[PDB]
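Enquirer: Dropping in final07.tsv, with TSV, C-alpha atoms.
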chain	number	residue	atom	x	y	z
A	97	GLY	CA	74.29	97.76	73.14
A	98	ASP	CA	76.93	96.74	70.51
A	99	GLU	CA	79.42	99.39	71.80
A	100	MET	CA	82.86	97.64	72.04
A	101	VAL	CA	84.79	99.17	75.00
A	102	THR	CA	87.39	97.94	77.52
A	103	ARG	CA	86.50	98.38	81.24
A	104	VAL	CA	88.25	96.90	84.28
A	105	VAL	CA	87.03	95.86	87.76
A	106	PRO	CA	89.32	94.21	90.37
A	107	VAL	CA	88.22	91.40	92.75
A	108	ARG	CA	90.13	92.70	95.85
A	109	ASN	CA	88.64	90.15	98.36
A	110	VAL	CA	89.65	87.06	96.28
A	111	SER	CA	92.24	86.31	93.53
A	112	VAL	CA	90.29	87.07	90.28
A	113	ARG	CA	91.80	83.80	88.81
A	114	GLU	CA	88.49	81.99	89.65
A	115	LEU	CA	86.50	83.89	86.93
A	116	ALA	CA	88.77	82.66	84.02
A	117	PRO	CA	86.43	79.76	82.98
A	118	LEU	CA	83.38	82.05	83.74
A	119	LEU	CA	84.29	85.29	81.91
A	120	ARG	CA	86.22	83.91	78.87
A	121	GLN	CA	83.20	81.55	78.90
A	122	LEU	CA	81.14	84.84	78.60
A	123	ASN	CA	83.37	85.65	75.59
A	124	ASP	CA	82.40	82.05	74.60
A	125	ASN	CA	78.73	82.87	75.58
A	126	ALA	CA	77.86	85.05	72.49
A	127	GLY	CA	79.22	86.77	69.31
A	128	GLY	CA	82.96	87.39	69.94
A	129	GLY	CA	85.23	90.47	69.93
A	130	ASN	CA	85.85	89.99	73.69
A	131	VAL	CA	88.99	89.84	75.89
A	132	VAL	CA	89.11	88.85	79.59
A	133	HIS	CA	92.43	88.70	81.56
A	134	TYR	CA	93.89	88.72	85.10
A	135	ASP	CA	96.59	90.57	87.05
A	136	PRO	CA	98.29	88.82	90.02
A	137	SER	CA	97.59	92.38	91.39
A	138	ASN	CA	94.06	90.86	91.13
A	139	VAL	CA	92.36	93.40	88.83
A	140	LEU	CA	90.12	91.91	86.11
A	141	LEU	CA	90.44	93.69	82.73
A	142	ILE	CA	87.70	93.35	80.06
A	143	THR	CA	87.14	94.28	76.39
A	144	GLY	CA	83.80	93.77	74.57
A	145	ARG	CA	80.39	95.04	73.39
A	146	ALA	CA	78.18	96.90	75.91
A	147	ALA	CA	75.83	93.97	76.87
A	148	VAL	CA	78.41	91.09	77.11
A	149	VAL	CA	80.46	93.54	79.28
B	97	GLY	CA	95.00	103.52	59.74
B	98	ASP	CA	97.47	101.21	57.88
B	99	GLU	CA	100.50	103.09	59.35
B	100	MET	CA	103.00	100.40	60.51
B	101	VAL	CA	104.85	101.73	63.61
B	102	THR	CA	106.43	100.21	66.76
B	103	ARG	CA	105.22	101.57	70.16
B	104	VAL	CA	105.84	100.23	73.69
B	105	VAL	CA	103.76	100.33	76.91
B	106	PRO	CA	104.86	98.58	80.14
B	107	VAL	CA	102.47	96.72	82.50
B	108	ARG	CA	104.16	97.88	85.77
B	109	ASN	CA	101.51	96.46	88.17
B	110	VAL	CA	101.73	92.88	86.73
B	111	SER	CA	104.36	90.85	84.81
B	112	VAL	CA	103.35	91.57	81.14
B	113	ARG	CA	103.89	87.79	80.39
B	114	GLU	CA	100.06	87.29	80.70
B	115	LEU	CA	99.25	89.19	77.40
B	116	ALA	CA	101.35	86.78	75.20
B	117	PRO	CA	98.34	84.67	74.06
B	118	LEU	CA	96.21	87.91	73.86
B	119	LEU	CA	98.48	90.28	71.88
B	120	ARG	CA	100.24	87.80	69.51
B	121	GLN	CA	96.61	86.61	69.19
B	122	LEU	CA	95.94	90.27	68.07
B	123	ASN	CA	98.73	89.72	65.52
B	124	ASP	CA	96.69	86.53	64.78
B	125	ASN	CA	93.47	88.71	64.85
B	126	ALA	CA	93.93	90.36	61.38
B	127	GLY	CA	96.30	90.90	58.38
B	128	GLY	CA	99.87	90.40	59.72
B	129	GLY	CA	103.05	92.53	59.85
B	130	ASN	CA	102.85	92.57	63.69
B	131	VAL	CA	105.38	91.88	66.52
B	132	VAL	CA	104.57	91.58	70.25
B	133	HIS	CA	107.20	90.74	72.95
B	134	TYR	CA	107.95	91.00	76.69
B	135	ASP	CA	110.73	92.15	79.01
B	136	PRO	CA	111.02	90.46	82.44
B	137	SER	CA	111.68	94.18	83.29
B	138	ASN	CA	107.96	94.16	82.34
B	139	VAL	CA	107.64	96.62	79.43
B	140	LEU	CA	105.50	95.35	76.49
B	141	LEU	CA	106.92	96.24	73.04
B	142	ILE	CA	104.73	96.31	69.87
B	143	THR	CA	105.11	96.68	66.06
B	144	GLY	CA	102.11	96.94	63.66
B	145	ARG	CA	99.62	99.03	61.63
B	146	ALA	CA	97.84	101.95	63.37
B	147	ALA	CA	94.50	100.16	64.19
B	148	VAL	CA	95.83	96.70	65.30
B	149	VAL	CA	98.25	98.70	67.55
B	150	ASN	CA	95.35	101.02	68.68
B	151	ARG	CA	93.55	97.97	70.25
B	152	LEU	CA	96.91	96.26	71.19
B	153	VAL	CA	98.18	99.29	73.22
B	154	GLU	CA	94.51	99.57	74.41
B	155	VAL	CA	94.99	96.01	75.86
B	156	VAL	CA	98.38	97.00	77.38
B	157	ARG	CA	97.52	100.34	79.15
B	158	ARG	CA	94.29	98.48	80.13
B	159	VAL	CA	96.11	95.51	81.83
B	160	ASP	CA	98.38	98.31	83.20
B	161	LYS	CA	95.51	100.32	84.84
B	162	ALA	CA	93.64	97.04	85.61
B	163	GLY	CA	95.94	96.30	88.60
B	164	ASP	CA	96.69	99.68	90.31
B	165	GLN	CA	98.83	99.61	93.52
B	166	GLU	CA	99.43	103.12	94.97
B	167	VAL	CA	100.01	104.40	98.54
B	168	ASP	CA	97.89	106.93	100.50
B	169	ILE	CA	99.08	108.68	103.70
B	170	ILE	CA	96.69	110.57	105.99
B	171	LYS	CA	97.67	111.63	109.56
B	172	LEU	CA	96.28	109.74	112.58
B	173	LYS	CA	95.76	112.21	115.44
B	174	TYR	CA	94.63	109.68	118.15
B	175	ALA	CA	95.12	105.86	118.65
B	176	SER	CA	98.64	104.38	118.20
B	177	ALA	CA	99.89	103.48	114.69
B	178	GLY	CA	101.52	100.32	116.23
B	179	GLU	CA	98.19	99.19	117.79
B	180	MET	CA	96.62	100.20	114.43
B	181	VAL	CA	99.29	97.85	112.92
B	182	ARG	CA	98.66	94.93	115.35
B	183	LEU	CA	94.83	95.02	115.11
B	184	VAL	CA	94.88	95.26	111.29
B	185	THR	CA	97.77	92.73	110.94
B	186	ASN	CA	95.21	90.15	112.22
B	187	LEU	CA	93.29	91.20	109.04
B	188	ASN	CA	95.41	88.47	107.32
B	189	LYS	CA	94.69	88.24	103.50
B	190	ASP	CA	94.76	92.04	103.24
B	191	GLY	CA	97.81	91.29	101.00
B	192	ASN	CA	99.48	89.21	103.80
B	193	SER	CA	99.50	85.58	102.40
B	194	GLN	CA	101.61	83.02	100.41
B	195	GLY	CA	98.66	82.21	98.05
B	196	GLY	CA	99.79	80.68	94.69
B	197	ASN	CA	97.42	81.37	91.69
B	198	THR	CA	95.84	83.93	94.15
B	199	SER	CA	99.17	85.91	94.03
B	200	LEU	CA	97.88	87.84	97.12
B	201	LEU	CA	101.47	89.16	97.65
B	202	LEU	CA	100.41	91.62	94.80
B	203	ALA	CA	97.22	92.61	96.77
B	204	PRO	CA	96.84	95.64	99.13
B	205	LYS	CA	98.90	95.75	102.43
B	206	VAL	CA	98.69	97.87	105.67
B	207	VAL	CA	101.30	99.82	107.74
B	208	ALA	CA	101.89	102.82	110.03
B	209	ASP	CA	104.54	105.38	111.22
B	210	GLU	CA	104.70	106.34	114.94
B	211	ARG	CA	106.87	109.55	114.33
B	212	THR	CA	103.99	111.41	112.48
B	213	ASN	CA	101.41	108.73	113.58
B	214	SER	CA	100.51	108.11	109.91
B	215	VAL	CA	98.63	105.16	108.39
B	216	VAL	CA	100.35	103.74	105.33
B	217	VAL	CA	98.43	101.74	102.71
B	218	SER	CA	100.06	99.98	99.72
B	219	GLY	CA	97.57	98.78	97.04
B	220	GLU	CA	94.24	99.18	95.13
B	221	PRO	CA	91.92	102.21	95.12
B	222	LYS	CA	89.31	99.87	96.70
B	223	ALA	CA	92.00	99.61	99.47
B	224	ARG	CA	92.32	103.48	99.46
B	225	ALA	CA	88.48	103.61	99.74
B	226	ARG	CA	88.14	100.95	102.55
B	227	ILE	CA	91.37	101.74	104.51
B	228	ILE	CA	90.58	105.50	104.64
B	229	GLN	CA	87.42	104.06	106.39
B	230	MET	CA	89.68	101.94	108.72
B	231	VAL	CA	91.87	105.07	109.39
B	232	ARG	CA	88.63	106.82	110.53
B	233	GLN	CA	87.34	103.74	112.47
B	234	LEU	CA	90.35	103.71	114.88
B	235	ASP	CA	91.26	107.46	114.80
B	236	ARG	CA	88.77	107.73	117.71
B	237	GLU	CA	90.09	109.58	120.81
B	238	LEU	CA	89.57	108.46	124.45
B	239	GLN	CA	86.29	109.48	126.17
B	240	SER	CA	87.26	111.00	129.59
B	241	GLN	CA	88.00	107.60	131.32
B	242	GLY	CA	91.50	106.53	130.10
B	243	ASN	CA	93.67	103.39	130.44
B	244	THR	CA	95.38	105.08	133.46
B	245	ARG	CA	93.57	106.70	136.40
B	246	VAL	CA	94.90	108.62	139.41
B	247	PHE	CA	93.10	107.94	142.72
B	248	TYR	CA	93.28	110.72	145.30
B	249	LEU	CA	93.35	108.72	148.53
B	250	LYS	CA	91.83	110.60	151.49
B	251	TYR	CA	92.56	108.51	154.70
B	252	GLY	CA	95.12	106.08	153.13
B	253	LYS	CA	98.81	106.94	152.35
B	254	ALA	CA	99.80	106.48	148.68
B	255	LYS	CA	103.37	105.13	149.34
B	256	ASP	CA	102.08	102.47	151.81
B	257	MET	CA	99.10	101.58	149.52
B	258	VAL	CA	101.46	100.97	146.54
B	259	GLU	CA	103.04	97.99	148.40
B	260	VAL	CA	99.57	96.63	149.30
B	261	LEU	CA	98.32	96.89	145.71
B	262	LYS	CA	101.63	95.52	144.29
B	263	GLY	CA	100.61	92.12	145.71
B	264	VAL	CA	97.22	92.32	143.91
B	265	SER	CA	98.97	93.30	140.63
B	266	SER	CA	101.76	90.72	141.26
B	292	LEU	CA	99.51	95.90	136.24
B	293	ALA	CA	101.82	98.83	137.03
B	294	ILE	CA	101.71	101.20	140.05
B	295	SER	CA	103.54	104.20	141.56
B	296	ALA	CA	102.55	106.59	144.36
B	297	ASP	CA	103.40	110.33	144.19
B	298	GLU	CA	104.73	111.24	147.65
B	299	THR	CA	103.68	114.91	147.10
B	300	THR	CA	99.94	114.84	146.16
B	301	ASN	CA	99.73	111.45	148.00
B	302	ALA	CA	97.98	109.94	144.95
B	303	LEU	CA	98.26	106.43	143.41
B	304	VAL	CA	98.89	106.14	139.62
B	305	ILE	CA	97.93	102.62	138.43
B	306	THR	CA	97.70	101.42	134.77
C	150	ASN	CA	115.16	97.04	59.92
C	151	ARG	CA	112.24	95.18	61.62
C	152	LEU	CA	114.63	92.71	63.44
C	153	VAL	CA	116.61	95.53	65.22
C	154	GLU	CA	113.16	97.18	65.60
C	155	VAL	CA	112.18	94.02	67.62
C	156	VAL	CA	115.49	94.22	69.64
C	157	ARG	CA	115.59	97.92	70.74
C	158	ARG	CA	111.82	97.41	71.26
C	159	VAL	CA	112.30	94.41	73.67
C	160	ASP	CA	115.15	96.58	75.09
C	161	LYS	CA	112.87	99.57	76.02
C	162	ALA	CA	109.91	97.15	76.63
C	163	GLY	CA	111.35	96.39	80.15
C	164	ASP	CA	112.76	99.72	81.45
C	165	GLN	CA	114.40	99.82	84.96
C	166	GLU	CA	115.94	103.20	86.01
C	167	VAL	CA	116.55	104.95	89.42
C	168	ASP	CA	115.23	108.37	90.62
C	169	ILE	CA	116.60	110.27	93.69
C	170	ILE	CA	114.68	113.26	95.14
C	171	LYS	CA	115.16	114.65	98.70
C	172	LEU	CA	112.78	113.89	101.63
C	173	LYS	CA	112.84	116.92	104.01
C	174	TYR	CA	110.57	115.54	106.84
C	175	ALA	CA	109.60	111.97	107.86
C	176	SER	CA	112.38	109.36	108.18
C	177	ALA	CA	113.67	107.38	105.16
C	178	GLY	CA	113.89	104.26	107.45
C	179	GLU	CA	110.19	104.61	108.37
C	180	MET	CA	109.58	105.28	104.64
C	181	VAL	CA	111.46	101.97	104.11
C	182	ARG	CA	109.46	99.96	106.74
C	183	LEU	CA	106.01	101.22	105.61
C	184	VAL	CA	106.72	100.55	101.91
C	185	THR	CA	108.55	97.24	102.64
C	186	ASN	CA	105.06	95.89	103.64
C	187	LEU	CA	104.19	96.72	99.98
C	188	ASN	CA	105.48	93.19	99.14
C	189	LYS	CA	105.18	92.45	95.34
C	190	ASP	CA	106.61	95.89	94.54
C	191	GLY	CA	109.51	93.76	93.12
C	192	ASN	CA	109.81	91.81	96.45
C	193	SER	CA	108.79	88.18	95.55
C	194	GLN	CA	110.16	84.72	94.52
C	195	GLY	CA	107.52	84.44	91.71
C	196	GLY	CA	108.47	82.03	88.84
C	197	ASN	CA	106.95	82.91	85.38
C	198	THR	CA	106.01	86.26	87.13
C	199	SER	CA	109.81	87.00	87.40
C	200	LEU	CA	108.90	89.82	89.88
C	201	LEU	CA	112.61	89.79	90.95
C	202	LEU	CA	112.99	91.95	87.72
C	203	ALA	CA	110.11	94.34	88.75
C	204	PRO	CA	110.47	97.76	90.53
C	205	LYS	CA	111.86	97.88	94.17
C	206	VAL	CA	111.95	100.69	96.86
C	207	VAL	CA	114.77	102.11	99.07
C	208	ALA	CA	115.91	105.17	101.04
C	209	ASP	CA	119.03	106.95	102.41
C	210	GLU	CA	118.99	108.54	105.93
C	211	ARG	CA	122.27	110.56	105.27
C	212	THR	CA	120.50	112.93	102.74
C	213	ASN	CA	117.04	111.53	103.70
C	214	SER	CA	116.46	110.54	100.01
C	215	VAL	CA	113.98	108.07	98.52
C	216	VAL	CA	115.57	105.61	96.11
C	217	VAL	CA	113.51	103.75	93.46
C	218	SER	CA	114.85	100.94	91.19
C	219	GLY	CA	112.49	100.11	88.26
C	220	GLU	CA	109.82	101.26	85.72
C	221	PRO	CA	108.75	104.83	84.92
C	222	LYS	CA	105.24	103.75	86.10
C	223	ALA	CA	107.17	103.15	89.40
C	224	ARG	CA	108.82	106.65	89.04
C	225	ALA	CA	105.26	108.03	88.42
C	226	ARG	CA	103.58	106.27	91.44
C	227	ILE	CA	106.60	106.34	93.88
C	228	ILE	CA	107.21	110.11	93.40
C	229	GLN	CA	103.52	110.24	94.57
C	230	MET	CA	104.49	108.02	97.58
C	231	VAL	CA	107.56	110.31	98.29
C	232	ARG	CA	105.08	113.26	98.54
C	233	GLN	CA	102.44	111.22	100.50
C	234	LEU	CA	104.88	110.61	103.46
C	235	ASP	CA	107.10	113.76	103.13
C	236	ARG	CA	104.44	115.59	105.19
C	237	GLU	CA	105.76	117.37	108.35
C	238	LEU	CA	104.18	117.16	111.86
C	239	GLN	CA	101.21	119.46	112.72
C	240	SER	CA	102.18	121.29	116.01
C	241	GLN	CA	101.56	118.24	118.33
C	242	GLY	CA	104.65	115.99	117.95
C	243	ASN	CA	105.62	112.46	119.08
C	244	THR	CA	107.29	114.18	122.10
C	245	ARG	CA	105.64	116.86	124.28
C	246	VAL	CA	107.07	118.85	127.23
C	247	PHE	CA	104.69	119.43	130.18
C	248	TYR	CA	105.47	122.33	132.51
C	249	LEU	CA	104.33	121.08	135.91
C	250	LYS	CA	103.20	123.98	138.17
C	251	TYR	CA	102.65	122.49	141.75
C	252	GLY	CA	104.47	119.15	141.11
C	253	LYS	CA	108.28	118.58	140.92
C	254	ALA	CA	109.58	117.06	137.66
C	255	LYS	CA	112.22	114.71	139.23
C	256	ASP	CA	109.67	113.24	141.71
C	257	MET	CA	106.97	112.91	138.95
C	258	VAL	CA	109.39	110.98	136.66
C	259	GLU	CA	109.51	108.08	139.14
C	260	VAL	CA	105.69	108.12	139.49
C	261	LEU	CA	105.22	108.04	135.70
C	262	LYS	CA	107.98	105.40	135.26
C	263	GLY	CA	105.55	102.90	136.84
C	264	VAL	CA	102.86	103.90	134.27
C	265	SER	CA	105.38	103.46	131.41
C	266	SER	CA	106.85	100.29	133.06
C	292	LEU	CA	107.34	104.86	126.92
C	293	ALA	CA	110.37	107.02	127.75
C	294	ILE	CA	110.67	109.87	130.32
C	295	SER	CA	113.19	112.36	131.68
C	296	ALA	CA	112.73	115.37	133.97
C	297	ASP	CA	114.82	118.56	133.53
C	298	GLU	CA	115.91	119.68	137.04
C	299	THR	CA	116.25	123.35	135.89
C	300	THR	CA	112.92	124.38	134.24
C	301	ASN	CA	111.28	121.55	136.29
C	302	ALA	CA	109.62	120.09	133.15
C	303	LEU	CA	108.80	116.45	132.20
C	304	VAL	CA	109.83	115.27	128.68
C	305	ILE	CA	107.89	112.07	127.76
C	306	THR	CA	107.84	110.32	124.32
How does this structure look as structure tokens?

Expert:
Amino acid sequence: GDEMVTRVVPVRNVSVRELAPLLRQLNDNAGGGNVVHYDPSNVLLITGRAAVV
Amino acid sequence: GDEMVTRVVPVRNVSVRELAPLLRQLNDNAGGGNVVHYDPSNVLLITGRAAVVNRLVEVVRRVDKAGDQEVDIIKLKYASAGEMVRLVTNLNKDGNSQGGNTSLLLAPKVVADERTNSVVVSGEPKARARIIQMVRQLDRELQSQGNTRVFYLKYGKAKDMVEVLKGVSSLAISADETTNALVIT
Amino acid sequence: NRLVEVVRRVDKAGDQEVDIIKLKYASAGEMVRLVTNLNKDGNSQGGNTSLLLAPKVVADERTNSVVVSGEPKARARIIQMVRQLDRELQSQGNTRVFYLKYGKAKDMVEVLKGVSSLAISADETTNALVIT
């Protein structure tokens, strides 16, 4: 539920760059403590509580 | 806990430049005494108290393991690595692009060796997962009927027939004078 | 104290060393070709990426040695890739020799040359066909 952990899924098919408004918007969706960021290697790395993640 | 130490993790997969807002923001997250900075040689160097650095280095190894790009080699026993290459090369955007913000030049790519007949992958574990499937998809053998057949002619002479068929081709023919058979491909 | 801390830090923050370990089996040049298609292992013109300063891959065919230039994460994953492609052949090679029993190797070469026209020779002595 409130468990703050970092977990990482790539978007292989597409450049993950297209989820930057979306997922940092999901940081911006509810109570913070979140990180979203993007590799040109096109893996999408996350940090946050269990639900937001 | 409050132990102020410097420790350094590279992001090999990606240029570490992308954690500059994030990690100096983690300086900016709580009570200061922090340093974050970046080598173009793409190691990420930190200074700070034990916790702030716990979640900093968390970010760094994370971004590091976020974008894996390893190679897997498994032997192909059957269909040609070069045909394997050609057919899959037309799978453009399996890492083969000039995409800008996409950066698809950092995405998984496909290869093969014809000395061992080995598929070569370079990229993601999703690429390991799906290209071990594509290894298996084309590692199929021939079923009896090949590309090349040999016709045993009974009443016709193979050497004379070659000339006849050469017109039709003019496809690659020779006739074996001994067994009087025609080898066309 | 904490200035020079920053400096040695930024110094070890972007490591770039080389590692040389012998390949015993499959060709360094093939090793080169197959990995060269791993573009973005240091092989790019990327701006703020600066991937021209990221790890790159090489080989020698005189010792048959892999050469790396970059990170220890590159040492870690390219010593894996050394081992992945350093596998030997399993009995069946690229080239086979067929012993023909009722057919003559020199005569068969010309027959097969059509099929190829793939690289053939026939040994007059043991009357065998060597195709690759």

Enquirer: For chain B, which residue among A:119, A:147, A:101, A:126 is the nearest when counting all atoms listed in the file?

Expert: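 The answer is A:101, which sits nearest to chain B.
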
Enquirer: Please return, as a PyMOL selection string, all residues of chain B lying within 7 Å of chain C when only C-alpha atoms are considered.

Expert: chain B and resi 104-106+108+111+133-141+166-169+201-202+205-209+211-212+216+218+293-297+305-306

Enquirer: Give me, as a list in words, all polymer residues having an atom no more than 7 Å from region 298-305 of chain C, counting only C-alpha atoms and skipping those fewer than 5 positions away in the same chain.

Expert: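 Returned residues: residues 244, 245, 246, 247, 248, 249, 253, 254, 255 and 293 of chain C.
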
Enquirer: Can you tell me, as a list in words, which residues sit within 8 Å of (101.5, 89.5, 83.8) in the file's frame, using all atoms listed in the file?

Expert: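 Nearby residues: residues 134, 135 and 136 of chain A; 107, 110, 111, 112, 113, 114 and 115 of chain B; 198 of chain C.
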
Enquirer: At a cut-off of 7 Å around the point (95.8, 111.2, 111.7) (file coordinates), what residues fall inside when counting only C-alpha atoms? I'd like the answer as a list in words.

Expert: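 Here is the list of nearby residues: residues 170, 171, 172, 173, 174, 213, 214 and 235 of chain B.
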
Enquirer: Record the distance separating CA of residue 228 (chain B) and CA of residue 163 (chain B), expressed in Å with one decimal.

Expert: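 Rounded to one decimal, the two atoms are 19.3 Å apart.
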
Enquirer: Pull the closest atom pair for each residue of chain B that gets at most 7 Å from chain A, along with the distance in Å to one decimal, counting all atoms listed in the file, ordering rows by chain and then ascending residue number, as JSON lines.

Expert:
{"residue": "B:109", "atom": "CA", "partner": "A:137", "partner_atom": "CA", "distance": 6.5}
{"residue": "B:110", "atom": "CA", "partner": "A:135", "partner_atom": "CA", "distance": 5.6}
{"residue": "B:158", "atom": "CA", "partner": "A:141", "partner_atom": "CA", "distance": 6.7}
{"residue": "B:159", "atom": "CA", "partner": "A:141", "partner_atom": "CA", "distance": 6.0}
{"residue": "B:162", "atom": "CA", "partner": "A:139", "partner_atom": "CA", "distance": 5.0}
{"residue": "B:163", "atom": "CA", "partner": "A:139", "partner_atom": "CA", "distance": 4.6}
{"residue": "B:197", "atom": "CA", "partner": "A:113", "partner_atom": "CA", "distance": 6.8}
{"residue": "B:198", "atom": "CA", "partner": "A:111", "partner_atom": "CA", "distance": 4.4}
{"residue": "B:199", "atom": "CA", "partner": "A:136", "partner_atom": "CA", "distance": 5.0}
{"residue": "B:200", "atom": "CA", "partner": "A:111", "partner_atom": "CA", "distance": 6.9}
{"residue": "B:202", "atom": "CA", "partner": "A:137", "partner_atom": "CA", "distance": 4.5}
{"residue": "B:203", "atom": "CA", "partner": "A:137", "partner_atom": "CA", "distance": 5.4}

Enquirer: Tell me, in Å to one decimal, how far CA of residue 217 (chain B) is from CA of residue 170 (chain C).

Expert: 21.3 Å

Enquirer: Just to confirm, what's the straight-line distance from CA of residue 167 (chain C) to CA of residue 224 (chain C) in Å (one decimal)?

Expert: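 Distance reported for this atom pair: 7.9 Å.
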
Enquirer: Counting only C-alpha atoms, figure out which residue out of B:131, B:119, B:156, B:184 gets nearest to residue 215 (chain B).

Expert: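 Ranked by minimum distance to residue 215 (chain B), first place goes to B:184.
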